[PDB]
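*Asks:* Here goes the first bit of my complex:
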Amino acid sequence: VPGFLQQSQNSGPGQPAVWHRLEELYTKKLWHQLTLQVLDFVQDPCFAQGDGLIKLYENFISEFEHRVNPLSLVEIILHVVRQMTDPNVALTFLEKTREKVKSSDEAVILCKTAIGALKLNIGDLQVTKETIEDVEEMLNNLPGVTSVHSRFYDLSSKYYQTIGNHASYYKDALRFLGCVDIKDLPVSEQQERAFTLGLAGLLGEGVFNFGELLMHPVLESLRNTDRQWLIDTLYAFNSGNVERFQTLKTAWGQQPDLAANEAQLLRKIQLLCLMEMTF
Amino acid sequence: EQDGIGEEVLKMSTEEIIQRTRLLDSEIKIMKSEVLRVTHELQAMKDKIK
């Protein structure tokens, strides 16, 4: 059992100083600096090709566990089931890891999103609505986790690629934007969020722009260099002018998903100019 | 369960000293702190509802 990681010592860079350190910490029978470091060493940027060389020992950790935080247990098994790359047994594997931690611990809620994240990949309609709906039934009595708000609003973010989801995604992509707050992930992901947020609020029916989230910095401080036309055109809705130049220069630039609804854009500005000229 | 009894047959200390360990740890607790807490629930409730 120590020799299980002596043969799978390799491919984790700097092998003696970290893997012999690994076989120290559980021979002290401690379970936090053990737990936080294996979570670090799966976060160690490689291919993580030894998932099968660790999922047997992480199952071994799970067998005589009896003390370890089930939150971080599911936080490390999601990287394992990611690196499995085989959705045939990965559904039944995650159901097995969900049913073997069946206490009142609130990592089961993001097991259900990890169910749905592989279920909004295959079979995307029949029971994806239910595994959405069950989570906000359970999103109760402790709103202070905010990882419950993270995984579920990401689950509804994948639900955006249905037909009848424009305003509810826009209402919910703000909710994820308001639950988790700080930057803590690259601009090379953040400006893509604000780009599809502006498109969802533009193609949404009841929303027009709903400003001062324009004042919220995750769109204007991140794309004041490129795609300024989207920030420019959302100002033009808030300006209330027709202003045919820039409100066509968005259609010169954004050819997909905008020329199919250009008449509705002209429909929205003509009802929006009224409620500012009467102001 | 043949391996469950049988590993207690060819191992001399792993299947025994730990069983010595996990009992004397339990018996100084699961006897002591548990039944004395239960003792200090029953004496209260008889000083209650009476």
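*Replies:* Happy to help now that I have it. Numbers count the residues shown, from 1 in each chain, chains lettered A, B, ... in the order given.
*Asks:* Leaving out chain neighbours, which residue sits closest to residue A:68?
*Replies:* Leaving aside its chain neighbours, residue A:68 sits nearest to residue A:31 (5.1 Å; criterion: Cβ to Cβ, 6 or more residues apart in numbering or on different chains). Where you see a C-beta, it was placed from the backbone N, CA and C, and this is true even at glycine.
*Asks:* So that neighbour versus residue A:21, what's the distance?
*Replies:* For residue A:31, the distance to residue A:21 equals 15 Å [Cβ to Cβ, to the nearest Å].
*Asks:* what's the answer for residue A:201, then?
*Replies:* 50 Å.
*Asks:* The two: which has the busier surroundings?
*Replies:* Neighbour tally, residue A:201 and residue A:21, criterion other Cβ atoms under 10 Å in any protein chain shown: the higher count belongs to residue A:201, 23 against 12.
*Asks:* if I read this right, the more buried one contacts residue A:209, doesn't it?
*Replies:* Yes: Residue A:201 lies in contact with residue A:209 (Cβ atoms under 8 Å); the separation is 6.2 Å.
*Asks:* For burial, what's the neighbour tally of residue A:177?
*Replies:* Counted by other Cβ under 10 Å, the residues lying close to residue A:177 total 18.
*Asks:* Chain C should join the structure above:
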Amino acid sequence: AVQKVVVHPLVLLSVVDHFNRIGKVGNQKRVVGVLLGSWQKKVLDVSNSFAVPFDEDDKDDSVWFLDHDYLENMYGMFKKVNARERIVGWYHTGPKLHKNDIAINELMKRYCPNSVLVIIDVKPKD
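*Replies:* So that you can see how it sits with the rest, here is chain C on the chains above:
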């Protein structure tokens, strides 16, 4: 969601006296007490109250005392003399609320889940 509270006019009055009890040595400028009430509907009702020994220091501004033991037994006496009455919340005075009030409220929501605090103004009355 509570509609509104109803001030029985004995409770305020019974905050004025206890502010006057410690007022000979009053330099804490705040008196925390327990607000007894009668839950009727979405509208709320208040009938009685009592006090609790409370200290607080602005230094580190999280060091304070709600006596759980005093809150159990004295409310148990008011339960015995009146079975209609139960707890609905708490109160304090000194019209500027202080930073600790998150801690008192989130503590004693385990006595009544939709607990509610009432700030009175003993000196401002104008």
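*Asks:* mind listing the helices for the stretch 151-279 of chain A?
*Replies:* Along the stretch 151-279 of chain A, counting by DSSP state H, counting those that start in this stretch, helices occupy A:167-179, A:187-203, A:217-220, A:228-239, A:246-253, A:262-272, A:274-277.
*Asks:* next one: the stretch 1-150 of chain A
*Replies:* With DSSP H, counting those that start in this stretch applied, the stretch 1-150 of chain A shows helices at A:2-7, A:15-25, A:33-42, A:52-63, A:70-84, A:87-100, A:108-117, A:128-138, A:147-157, listed in chain order.
*Asks:* repeat for chain B
*Replies:* Ranges of helices within chain B are B:2-10, B:17-26, B:32-47, based on DSSP state H.
*Asks:* got the buried residues for the lengthiest helix in chain C?
*Replies:* Taking DSSP H as the criterion, chain C has its longest helix at helix C:68-81. Within helix C:68-81, the residues scored as buried using 16 or more other Cβ atoms under 10 Å in any protein chain shown are C:71, C:75, C:78.
*Asks:* Can you add distance to residue A:82 and give those back as CSV?
*Replies:* Converted to CSV, the buried residues of helix C:68-81 look like this (distance: Cβ to Cβ, whole Å):
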residue, distance to residue A:82
C:71, 50
C:75, 53
C:78, 58
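*Asks:* go ahead and place chain D:
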Amino acid sequence: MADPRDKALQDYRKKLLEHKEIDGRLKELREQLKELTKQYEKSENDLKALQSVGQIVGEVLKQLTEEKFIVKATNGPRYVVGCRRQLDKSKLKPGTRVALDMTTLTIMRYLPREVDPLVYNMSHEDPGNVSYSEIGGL
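*Replies:* Chain D added:
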């Protein structure tokens, strides 16, 4: 003696006989604490059950105003009363049976009625059938 396969095996028996001995009284004593809570539940229900100062049973004779009525006790005199706050006073048609306070003497709640089997000479129903062949020759 060291470890000659029996000082091993005699230990595992005497350690496991001791654990199941001490786990047994734990389940028995916890079961006894579960039982007395059921008894304590009945006592606190009785402490709640100690303020039924009664209600006076009367009947509405007629309606005087929107909040004044004329009631009469079942063996006593007549009175002029009112309702509580939100009693839905349109349902108080004269002839109903209501309940009154002892001291404040106002209306608490109306009640339905069935009494006096002279009513069973004129008012009850009989939705019972025969299947047209139990009688014969007409």
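*Asks:* what do you get for the buried residues of helix C:68-81 once chain D is counted?
*Replies:* C:71, C:75, C:78, C:79.
*Asks:* so who does the third one touch?
*Replies:* By Cβ atoms under 8 Å, 6 or more residues apart in numbering or on different chains, the contact list for residue C:78 reads C:36, C:48, C:50, C:85.
*Asks:* before we move on, what about the first one?
*Replies:* Taking Cβ under 8 Å, 6+ apart, we find residue C:71 in contact with C:34, C:52, C:108, C:111.
*Asks:* now the strands for chain D?
*Replies:* For chain D, strands defined by DSSP state E occupy the ranges D:56-63, D:69-73, D:78-81, D:97-100, D:107-111.
*Asks:* How about the residue in chain D positioned nearest to chain C, nearest residue that isn't a chain neighbour?
*Replies:* Nearest residue of chain D to chain C (Cβ to the nearest Cβ) works out as residue D:48 at 5.5 Å. Leaving aside its sequence neighbours, residue D:48 sits nearest to residue C:83 (Cβ to Cβ, 6+ apart; 5.5 Å).
*Asks:* same check, this time on residue A:118
*Replies:* Here the residue nearest residue A:118, using Cβ to Cβ, 6+ apart, is residue A:87, at 5.6 Å.
*Asks:* and that neighbour, how many neighbours?
*Replies:* If we define neighbours as other Cβ under 10 Å, then residue A:87 has 13 of them.
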